[PDB]
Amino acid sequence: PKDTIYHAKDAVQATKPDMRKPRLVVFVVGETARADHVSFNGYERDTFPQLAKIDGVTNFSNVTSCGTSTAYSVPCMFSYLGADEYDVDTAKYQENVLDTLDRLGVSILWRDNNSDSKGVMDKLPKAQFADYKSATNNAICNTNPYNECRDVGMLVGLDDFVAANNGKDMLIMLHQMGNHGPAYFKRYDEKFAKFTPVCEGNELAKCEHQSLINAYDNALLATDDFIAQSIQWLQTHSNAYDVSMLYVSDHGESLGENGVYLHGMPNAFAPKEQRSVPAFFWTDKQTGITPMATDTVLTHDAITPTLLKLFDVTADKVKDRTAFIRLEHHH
């Protein structure tokens, strides 16, 4: 073990959950989703029909991920250094935004249907991380012939967590399997097989291009569903809690441009398709939270100040950072 480098020991929470409505936020950490395959960003196909029916969803059309892989992007999304000073080999030892929120009294939960938190949860008690790739945590793993656990299974029993933390601020990270490839056709149940035909081979260049895109977009439909149902779960708590939902993908995906597939390329020569990511923010009416303009130039650096603002926490390190949400309030 090494000593922790601190970045926000000055951080303070301006209001406590016993003097105002406690706050409950779900942060969906996306996976392999491309911004240009989002309907709201101009994509021909309606890949997010369920989010289109929900009032108060803001789509952000200019979000660039810090990196092109899970191991690189996820720690930086929760970091105080920002991507320009970020070092993947020492991120584990920096105080991160979840450290700050937990220290100030916010109850943190991380459910993972992807891999793990890439070190972000390492300083917090183990019980606050849960592996939802296990079929004895996730009840939604036998709905497909692959025995693949589904992201929506992370919504089961969250009410037990809320009841165990009654009256406290809560931040729940849900780490998606999402659009992980190359086997996009495995990422969704049959109810989302909307675009056909579908590539079902493991070698992407060998399938016809339209079938690969169809499987990718079908996987997006399952993500649209997962985000929509996350909002619907939050809405059941809106009387007692100020509820909000943030979605950001960790990186994009190449889909055959210049013969390139998948992601994970070094930033120095990675194509833009691996960095252009969707971002969504939803909040209930009573929260008093105001989103930034949909065309704000944004990066993963916006995530940490957003989470801090959602819980009324000020940190000097990120005082000049742009977030997904505004600081003015209209009564």
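All residue numbers are counted from 1 along the displayed sequence.
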item: Between 250 to 258 and 197 to 205 (mean CA B-factor, as deposited), the higher; value: 197 to 205
item: Average Cα temperature factor in the PDB entry - higher stretch of 226 to 234, 126 to 134; value: 126 to 134
item: Which of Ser276, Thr306, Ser69, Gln286 ranks first by CA B-factor in the deposited coordinates; value: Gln286
item: Residue with maximal Cα B-factor (values as given in the PDB entry) among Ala302, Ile54, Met265, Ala35; value: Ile54
item: Chain-wide C-alpha B factor ranking for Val25, given as lowest, middle or highest third; value: lowest
item: For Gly178, the third of its chain into which the C-alpha B factor falls; value: lowest
item: Relative C-alpha B-factor of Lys191, binned into the chain's lowest, middle or highest third; value: highest
item: Chain-wide C-alpha B factor ranking for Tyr146, given as lowest, middle or highest third; value: middle
item: Assigned third (lowest, middle, highest) for the C-alpha B factor of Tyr86; value: highest
